[PDB]
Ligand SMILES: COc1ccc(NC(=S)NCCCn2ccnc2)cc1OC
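Encoded as structure tokens, the following chain is the form solved without the ligand, with no partner shown.
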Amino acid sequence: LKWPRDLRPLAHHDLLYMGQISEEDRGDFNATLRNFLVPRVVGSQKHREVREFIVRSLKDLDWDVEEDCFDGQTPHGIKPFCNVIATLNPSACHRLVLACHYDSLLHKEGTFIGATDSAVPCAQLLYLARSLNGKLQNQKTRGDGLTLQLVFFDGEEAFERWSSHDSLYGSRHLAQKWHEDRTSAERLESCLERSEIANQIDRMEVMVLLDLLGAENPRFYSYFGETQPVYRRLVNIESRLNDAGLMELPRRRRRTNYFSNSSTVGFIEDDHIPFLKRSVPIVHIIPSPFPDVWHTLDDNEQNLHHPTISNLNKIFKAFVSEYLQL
């Protein structure tokens, strides 16, 4: 069964534009990332500050911003959690959803920054919203029934040993909340003809979850047969950026090969799981293997690889432009 939305190849002109990274682009992304490169454990003041920063940044871009806040039991007692959901056009029936988690692991060995996990993804979502704002605000006025939505999940990380009850607090809560929130096509702007909408979860057209990004030379694979058509667009976009000579490589005539043109057999627990269980199509943009620094005290700012981050930002901008026809 084919993808419900016909995926129009990005024109060469738009590919080139989305693949440009000005020096002020680098500066803007880095200034954004600075805000996330702090310990932000659930319950903490810096966590509150990060949450408010995400909210303010997106309200400042005229997005609808909602918080899904709740208290939940953990192995460390009751904890406050707040998912941040930003929607460009709330009334649009369908959402291309981009997501990540904004809490950082409470590491028993010491202060843990979680630069890849997931400060970089957080900054990338905000950067996309900011760099594309003009084109997104224009796309919003089309009445075409599609919009962009950014979800910054809280409480992805376990407090103690990972378990089904100790992990994914924010994503489990939100998936449940949206599944139970009933709606229908007649309440929404321009749903696709063959759509089945019974609740808010049905409006998530696909969730692209970014996690553990920022380390050198990540390897991605298609984890889900259901989103192979979408995944293949990332593969194709990356290839064309390389053809166009727009990727940053250590030497001339190398190509990036982040998005493997294959699927892998692997089960990764992450914020997509509660949505996957409710039939939300998932593209999981997480490296395999995980970065070497994963859950170590070395997951920090200096171990990020800036050229890779720039290349990923090009791919993501082109992908959003292609999906939303910006």
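Residue numbers here begin at 1 and follow the sequence given.
Another form exists, deposited with the ligand bound; not displayed. Remarks below refer to it.
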Location of the ligand contact in the deposited complex, chosen stretch of 154-162, 134-142, 240-248, 176-184 [non-hydrogen atom, 4.5 Å]: 154-162
Residues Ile268, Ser288 and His295 are flagged as a possible site; in the deposited complex, is every one of them within 4.5 Å of the ligand by some non-hydrogen atom? yes
So in the deposited complex, does any heavy atom of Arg95 sit within 4.5 Å of the ligand? no
May I ask you to check whether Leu150 falls inside a 4.5 Å heavy atom distance of the ligand in the deposited complex? no
Answer for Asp211 alone: is it within 4.5 Å of the ligand in the deposited complex, judged on heavy atom distances? yes
Could you confirm whether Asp117 comes within 4.5 Å of the ligand in the deposited complex, counting heavy atoms only? yes
Residues of stretch 52-91 in contact with the ligand in the deposited complex (4.5 Å, non-hydrogen atom): none
